[PDB]
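Okay, here we've got a single chain as structure tokens, the form deposited in one PDB entry, with questions on binding and movement later.
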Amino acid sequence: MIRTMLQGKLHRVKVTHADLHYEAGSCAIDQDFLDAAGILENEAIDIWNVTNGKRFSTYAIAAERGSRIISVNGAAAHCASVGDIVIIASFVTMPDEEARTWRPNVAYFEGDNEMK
């Protein structure tokens, strides 16, 4: 039996403006943050808005390392405003035997998206 497990998460990051124009429907995320959380470019992600309770799913794309960028682009902009605090999570599947000991990758933040 195959389980769906938390692969990784960005724990309480803030939505920023986008430094560059990104395609609608995606969330652009500083590559440093993707590296820490194990989240891949083009991976399905869930975004849970702690500020307003909204929950939606999209996919990740890399923003430049150091940009600290969390940009919800396009249709997704209907669900998150600049300054909102969100959780970004990806999930993976694996057999039950492996899932029993699985440890997700978590990145924690302080200040203006400064990674602890």
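Residues that one form lacks are left out of the comparison. Between two forms, the rigid core is the largest collection of C-alphas that superpose within 1.5 Å. Each residue number is its position in the shown sequence, starting from 1.
The mean C-alpha temperature factor is higher for 60-68 when 60-68 and 86-94 are set side by side. For the pair 33-41 and 71-79, the mean B factor over Cα atoms is greater in 71-79. The residue among 18, 13, 99, 106 whose C-alpha carries the highest B-factor in the deposited model is 18. The entry lists a Cα temperature factor for residue 115 that places it in the highest third of the chain's modelled residues.
The discussion below concerns the form deposited in another entry, not included here.
Superposing the two forms on their core leaves just one of 73, 67, 49, 58 with a Cα displacement of at least 2 Å between this form and the one not shown, namely 73.
Residue 100 shows a C-alpha shift below 2 Å between this form and the one not shown [criterion: core-superposed Cα displacement of 2 Å]. Regions that shift between this form and the one not shown, defined as runs of three or more consecutive residues whose CA atoms all move by 2 angstroms or more after core superposition, comprise 19-23, 73-75.
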